[PDB]
Amino acid sequence: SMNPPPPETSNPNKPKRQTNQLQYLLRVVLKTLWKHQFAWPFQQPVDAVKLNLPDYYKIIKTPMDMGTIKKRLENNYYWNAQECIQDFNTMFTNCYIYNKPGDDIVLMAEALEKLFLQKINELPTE
Ligand SMILES: CCn1c2c(c(=O)[nH]c1=O)[C@H]1C(=C(C)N2)C(=O)OCc2ccccc2OCCOc2cc(C)ccc21
């Protein structure tokens, strides 16, 4: 029923790079999704207490959210663009695993995912 610690957004032992692709992921991709009308469920770690979801963190064992991603990008946490893309994909997949296919939140995630995949199709070359 309680929340786990959130995913780390810094770690002095983890290697990292600043690449043009990661800058794009922050300045274009994250910013575009963050401002979307459907972003709000995804802007912070899932609070299973507030949401009365005592099974959330029994079903979702790799939690991810755009607040964490935003901090990771701002903090230069990632080694490459693929690490960040994987975090977005985990976030969307978690929503589809936890929720039923007809749910409103699934429609919202699907709209954000469509936009996300459009923006990463324009991902600049390394
Ligand atoms: C991403 C994590 N997430 C998630 C929800 C969810 O259902 N599934 C998830 O995976 C919830 C939810 C959030 C922040 N996040 C929220 O704010 O819920 C308030 C709430 C509190 C107590 C009781 C019911 C209740 O709302 C029932 C409808 O829930 C909806 C419906 C829509 C359109 C969007 C989100 C949600």
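Throughout, residue positions are numbered sequentially from 1 according to the sequence presented. Whatever order the structure lists ligands and atoms in, that order sets their numbers, starting from 1.
Close to ligand 1: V46, with a non-hydrogen atom less than 4.0 angstrom away.
The heavy-atom pair separating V49 from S1 by the smallest distance is CG2-O, 3.6 Å. The shortest heavy-atom contact between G67 and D65 is N-OD2, 2.8 Å.
Close approach to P41 involves these atoms of ligand 1, each under 4.0 Å from a residue heavy atom: 1 (C). Less than 4.0 angstrom separates some heavy atom of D104 from each of these atoms of ligand 1: 33 (C). For ligand 1, the atoms closer than 4.0 angstrom to any heavy atom of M108 are 33 (C).
Distances from atom 29 (O) of ligand 1 to the protein include no heavy-atom value under 4.0 Å. There is a protein heavy atom less than 4.0 angstrom from atom 5 (C) of ligand 1. Distance check for atom 34 (C) of ligand 1: a protein heavy atom is found below 4.0 Å. Within 4.0 Å of atom 2 (C) of ligand 1, at least one protein heavy atom is present. Within the 4.0 angstrom cut-off, atom 26 (O) of ligand 1 has no protein heavy-atom neighbours.
What sits closest to atom 10 (O) of ligand 1 on the protein, heavy atoms only, is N99 ND2, 2.9 Å. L51 O, 4.6 Å is the protein heavy atom nearest to atom 24 (C) of ligand 1. The nearest heavy-atom contact from the protein to atom 17 (O) of ligand 1 is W40 CZ3, 3.4 Å.
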Side-chain donor/acceptor pairs under 3.5 Å, residues 110-123, sequence neighbours excluded:
{"residue": "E113", "atom": "OE1", "partner": "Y96", "partner atom": "OH", "Å": "2.7"}
{"residue": "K119", "atom": "NZ", "partner": "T32", "partner atom": "OG1", "Å": "3.3"}

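Residues in residues 13-24 take part in these side-chain hydrogen bond (donor to acceptor under 3.5 Å, both in side chains) pairs, two or more places apart or across chains: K14-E83.
Summarising the contacts of atom 9 (C) of ligand 1 with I105, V106, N52, the nearest heavy atom is found in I105.
Between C84 and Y77, every side-chain heavy-atom pair lies at or beyond the 4.5 Å cut-off. With contacts defined as side-chain heavy-atom distances shorter than 4.5 Å, the pair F38/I105 does not qualify. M108 places a side-chain heavy atom less than 4.5 Å from the side chain of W40.
Judged by distance alone, the side chains of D87 and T90 never bring a donor and an acceptor atom under 3.5 Å apart.
Salt-bridge formation is not detected for the pair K58/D55: no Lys NZ or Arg NE/NH1/NH2 atom is positioned less than 4.0 Å from an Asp or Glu carboxylate oxygen.
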